[PDB]
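One structure below.
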Amino acid sequence: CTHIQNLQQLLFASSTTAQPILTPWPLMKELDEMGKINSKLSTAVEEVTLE
Amino acid sequence: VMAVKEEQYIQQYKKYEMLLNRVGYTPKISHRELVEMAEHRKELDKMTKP
Amino acid sequence: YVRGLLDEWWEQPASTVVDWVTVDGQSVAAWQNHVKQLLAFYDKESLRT
């Protein structure tokens, strides 16, 4: 009972986004080096290469 | 696709920060002489124009 | 170190070394005349006759 009432506010507010975001939240703040830098390395095979 | 491009920047570390960052003091041009190479002569217009 | 606010985000850190292939023509501008002395002068002398 003390748990089921808190599913929508303490569990779902986290279990929805903990493991994708909040669990790697310290790793989330270095995804800006993924989408912009190291995933751009996968695109650096062409984008800087053609230049 | 990252891996074929992940093999450049790893060794690019030991290529840049040891050499370029030094060359401001050895070159007298950097801030000592080129700041007035022209200004020894080419700014004669400060008095040759008058 | 204000000048470092952009260096890392170039992937290849230098802004113009990735451009060096395009900038290479400007560096060879001194040696462009050597190309004129290499084959074009050799071409010129032959056709001068």
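The chains in the structure tokens are called A, B, ... from first to last as shown; in each chain the residues are counted from 1, and the ligands are counted from 1 in the order shown.
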Per residue of chain B within 7 Å of chain A, what are the shortest atom pair and its distance in Å to one decimal, counting only C-alpha atoms, with rows by chain and residue number, as a Markdown table?
```
| residue | atom | partner | partner_atom | distance |
| --- | --- | --- | --- | --- |
| B:1 | CA | A:42 | CA | 5.0 |
| B:2 | CA | A:42 | CA | 4.3 |
| B:5 | CA | A:41 | CA | 5.8 |
| B:6 | CA | A:41 | CA | 6.9 |
```
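Contacts from chain B to chain C at a cut-off of 12 Å (only C-alpha atoms) map to residues 5, 6, 7, 8, 9, 10, 11, 12, 13, 14, 15, 16, 17, 20 and 21 of chain B.
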Show me, as a VMD selection string, the residues of chain C whose atoms get within 10 Å of chain A, using only C-alpha atoms for the distance check. chain C and resid 8 to 12 18 to 22
Write the residues of the preceding selection, restricted to N, CA and C atoms, as a PDB file, in the first residue's frame.
```pdb
ATOM      1  N   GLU C   8      38.868  20.829 -28.733  1.00  0.00           N
ATOM      2  CA  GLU C   8      38.514  19.414 -28.639  1.00  0.00           C
ATOM      3  C   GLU C   8      37.403  19.049 -29.616  1.00  0.00           C
ATOM      4  N   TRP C   9      36.428  19.938 -29.788  1.00  0.00           N
ATOM      5  CA  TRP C   9      35.233  19.651 -30.573  1.00  0.00           C
ATOM      6  C   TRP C   9      35.494  19.560 -32.073  1.00  0.00           C
ATOM      7  N   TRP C  10      36.745  19.647 -32.519  1.00  0.00           N
ATOM      8  CA  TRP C  10      37.083  19.474 -33.925  1.00  0.00           C
ATOM      9  C   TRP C  10      37.324  18.020 -34.311  1.00  0.00           C
ATOM     10  N   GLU C  11      37.214  17.085 -33.363  1.00  0.00           N
ATOM     11  CA  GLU C  11      37.538  15.676 -33.580  1.00  0.00           C
ATOM     12  C   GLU C  11      39.009  15.534 -33.954  1.00  0.00           C
ATOM     13  N   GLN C  12      39.379  16.024 -35.134  1.00  0.00           N
ATOM     14  CA  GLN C  12      40.779  16.281 -35.437  1.00  0.00           C
ATOM     15  C   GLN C  12      41.078  17.675 -34.903  1.00  0.00           C
ATOM     16  N   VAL C  18      42.897  19.696 -40.680  1.00  0.00           N
ATOM     17  CA  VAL C  18      41.873  19.036 -41.483  1.00  0.00           C
ATOM     18  C   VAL C  18      41.665  19.794 -42.788  1.00  0.00           C
ATOM     19  N   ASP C  19      41.856  21.114 -42.767  1.00  0.00           N
ATOM     20  CA  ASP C  19      41.806  21.923 -43.977  1.00  0.00           C
ATOM     21  C   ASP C  19      43.126  21.928 -44.738  1.00  0.00           C
ATOM     22  N   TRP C  20      44.193  21.367 -44.157  1.00  0.00           N
ATOM     23  CA  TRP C  20      45.529  21.482 -44.742  1.00  0.00           C
ATOM     24  C   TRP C  20      45.570  20.977 -46.177  1.00  0.00           C
ATOM     25  N   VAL C  21      44.756  19.972 -46.497  1.00  0.00           N
ATOM     26  CA  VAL C  21      44.696  19.481 -47.871  1.00  0.00           C
ATOM     27  C   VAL C  21      44.205  20.584 -48.801  1.00  0.00           C
ATOM     28  N   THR C  22      43.172  21.316 -48.378  1.00  0.00           N
ATOM     29  CA  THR C  22      42.730  22.479 -49.140  1.00  0.00           C
ATOM     30  C   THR C  22      43.722  23.631 -49.016  1.00  0.00           C
TER      31      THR C  22
END
```
Looking only at the backbone, which of the residues in chain B does DSSP tag as alpha helix (DSSP H), as a list in words? residues 2, 3, 4, 5, 6, 7, 8, 9, 10, 11, 12, 28, 29, 30, 31, 34, 35, 36, 37, 38, 39, 40, 41, 45, 46, 47 and 48 of chain B
